[PDB]
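Below you will find one chain, with nothing else, as structure tokens; this is the form deposited in one PDB entry, and questions on how it binds or moves follow later.
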């Protein structure tokens, strides 16, 4: 019960919050998973791959430029804010709150989350395919050749941008082709991020799963090994161990008050 879960929440000195696509969808974010896993003639699973970027980097850039640009009109919801406010309060008490997420839209960052573990990278981060440098990039568009490009509708002509006119590395004497700093399909997670993650899960005394569940990716990598230690896990979704049904923007302000 919410009443018994708040008994744990008050005693909990290290809370791990696993945030799923649901936390992002509640803010009207095009989650390119399930029914909405489409951008024109293709599936998101067909565009987010090292082979797709190798054959057509311009098409993969048109798709990722679209995703960066849809965020302009998007705001952090009541769930994100409740999560950010919780970490601030408990922080002043010498207690820990950390957010583990595969959402690449930075709405936890805009909310005010500090202990944020983005296991799949960010839309607003680049990586040079040549020198390997990682950089923050919020520039709109990312490059002048992508001005007015990336429309989601099928049939839309391919921008057909030559590699030289695509996003390039601003490091002195590099000029290498940039790629978004996001984990693609068949790509491994950063071992540094997973080390940090496994460290969090090993030290926490309370674990929450929001906008996803322990039976679907990525919570299935983390929440069950937590439950196995006898640490309480509380699931929160639209569908000890707790379950709180409903939109996280409704249930989390109450739970994390």
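Residue numbers count along the first chain shown, from 1.
A second form of this protein, the form deposited with a partner chain bound, is not displayed here; the remarks below concern that form.
Checked against the partner chain in the entry with it bound, the residues 75, 187, 170, 158 give one hit for a heavy atom within 4.5 Å, which is 187. Exactly one listed residue, out of 193, 70, 202, 215, brings a non-hydrogen atom to within 4.5 Å of the partner chain in the entry with it bound: 215. Residue contact check for residue 120: one or more of its heavy atoms lie within 4.5 Å of the partner chain in the entry with it bound. Contact between residue 183 and the partner chain in the entry with it bound is found at the 4.5 Å heavy atom cutoff.
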